[PDB]
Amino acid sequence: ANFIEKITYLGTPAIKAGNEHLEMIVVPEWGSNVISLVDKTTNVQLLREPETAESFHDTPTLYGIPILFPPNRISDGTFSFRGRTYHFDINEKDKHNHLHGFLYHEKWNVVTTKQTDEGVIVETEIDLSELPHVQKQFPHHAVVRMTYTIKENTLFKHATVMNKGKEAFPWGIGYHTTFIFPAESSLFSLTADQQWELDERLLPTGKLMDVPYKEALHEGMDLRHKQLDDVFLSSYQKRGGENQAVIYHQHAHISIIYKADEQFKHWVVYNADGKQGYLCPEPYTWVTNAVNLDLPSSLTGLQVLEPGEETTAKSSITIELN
């Protein structure tokens, strides 16, 4: 059994979709944010939802599943690529950075709604050539299409990035996925052994370091007394195996398994002061400030789309009852 339904969410049009296991709400006008994800077996909301529309507009990267194109910081908003210098707006004023890209608070179009016995599918899309202020910063005909598919106990969340223009461009994507996380009774794990050393502007120095608590991080750990805003290197390319973050909710007896494909070479983990009741395990295709690191792209995750090319970067959220 399954459904797709147009609804109003905090005064804004939205799409509710689900099956017998999982229900999502995506808000196309709000950066195609998947604002709600409910496990129907347990009736548990998994994502942090805003309590007013104004609250969402105040902090649109701290609710639901915000789309970060590109993710995290670029020093001084400035980088060079094939001889061309780019200047993105410096929205992080104290650290003098560009932060979190172009798409989390723009209107995306709904382009597909389909249901079968195999999956419920919603696709949204945005064409950056239709955003004049973005074109000032990033003058490329980039198009991003999100494919959300609910099948059994999984939300598949795929991003297809397309170059419809006449010149190549560099790109990365990430998500600022904001899960409810009661630190007194949930545990967190991640496939990472190393992390990037950061400077005072939260930019990588270029050095990798051991994660001191990596064993605990593999096992599932208590994050009480830990403030995280850390850039982890996925262990997948070195060790093979999995590329995923897991939240275990001990009271609800459910595990959230957040998988990402090989493009997602880094994870940022953010929990603010640790007392806000949420946790953001953020898979990124490129490391913070990738465009300004003199390191190979196998490590930074920097990607380039030539004219006419596209690529699909895949991730998924699976809910398991323990």
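Residue positions are given as counts along the sequence shown, with the first one as 1.
Higher mean CA B-factor, judged across 209-217 and 248-256 from the recorded values: 248-256. If you average the C-alpha B-factors over 136-144 and over 189-197, the higher value belongs to 136-144.
As recorded in the PDB entry, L223 shows the highest C-alpha B-factor of the residues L223, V110, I74, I180.
By the numbers in the PDB entry, the CA B factor is greatest at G240 among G240, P204, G101, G174. Sort the modelled residues of the chain by CA B factor and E51 lands in the middle third. Remark: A272 belongs to the highest third of its chain, ranked by C-alpha B-factor as recorded. Looking at the C-alpha B-factors along this chain, the one for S235 belongs to the lowest third. The deposited CA B-factor of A159 belongs to the lowest third of values across its chain. Looking at the C-alpha B-factors along this chain, the one for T78 belongs to the middle third.
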